[PDB]
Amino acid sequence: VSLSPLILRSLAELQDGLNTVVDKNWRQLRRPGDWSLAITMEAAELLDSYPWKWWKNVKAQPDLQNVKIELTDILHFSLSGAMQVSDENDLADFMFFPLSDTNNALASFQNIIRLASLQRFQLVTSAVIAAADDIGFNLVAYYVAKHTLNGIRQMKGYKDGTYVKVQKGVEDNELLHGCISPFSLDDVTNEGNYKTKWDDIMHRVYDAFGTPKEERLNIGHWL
């Protein structure tokens, strides 16, 4: 399972743009080990979406909507890693389907950590794409939506430590589900029209956070 090369290239361009918002010279400041750490930490967040602890709240239920967000976060970091180092610098060995089985999920997502530490970023990207295919969620649409939230966060003091993620019982991430649900897989991968659908996802996320029109960045900013 893979995305069209043109779609992947566009996702990579968005990722470079976002990385540039965080730091103009990110390509000189960041190293492969940074992306390995970042993926490791998101993978811990992904694992913590499951009731894996045998000693604490043992009847807890998995947060399967959150799984989607954490996989999307991993993609941002695996795209980033791949921009800096090639894998040169197999999947069915590390991923176990169906991921609806919690034991399969825990094993697979721990293996993402192994792959990250090996700096196999392209393989991590493939693993996330395969996971979204297996779980049956719209990875590309989640990416565009979380990409947009990531930019909003930077606009609202994230680097300064003044941003608050959970407000009035709602985490910013949770608002993304509703922003994406109108969009099909074909909407966001159509060769001719995908960019207008990505632009539409972006506008929906800006709306969800009340971003003033003048501060909004459209799809053209990123490509």
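For every residue, the number given is its place in the sequence shown, counted from 1.
Residue 88, though modelled here, lacks coordinates in at least a third of the other entries of this protein that were compared and that model residues flanking it. Count the deposited residues lacking coordinates between residue 89 and residue 90 and you get 10 or more of them. As the entry records it, the average C-alpha temperature factor is higher for 161 to 169, out of 161 to 169 and 50 to 58. A summary of the deposited B-factors shows that, of 186 to 194 and 150 to 158, the stretch with the larger mean C-alpha value is 186 to 194.
For the set 110, 103, 138, 122, the PDB entry puts the maximum C-alpha B factor at 103. When the C-alpha B-factors of 24, 203, 213, 9 are ranked from the entry, the top spot goes to 213.
When all modelled residues of the chain are sorted by CA temperature factor, residue 67 is found within the lowest third. Ranked by C-alpha B-factor against the other modelled residues of its chain, residue 38 falls in the lowest third. In this PDB entry, the Cα temperature factor of residue 95 sits in the top third of its chain's modelled residues, the highest group.
When the modelled residues of the chain are ordered by C-alpha B-factor, residue 145 sits in the lowest third. Residue-level temperature factors show residue 131 in the middle third of its chain, judged at the C-alpha atom.
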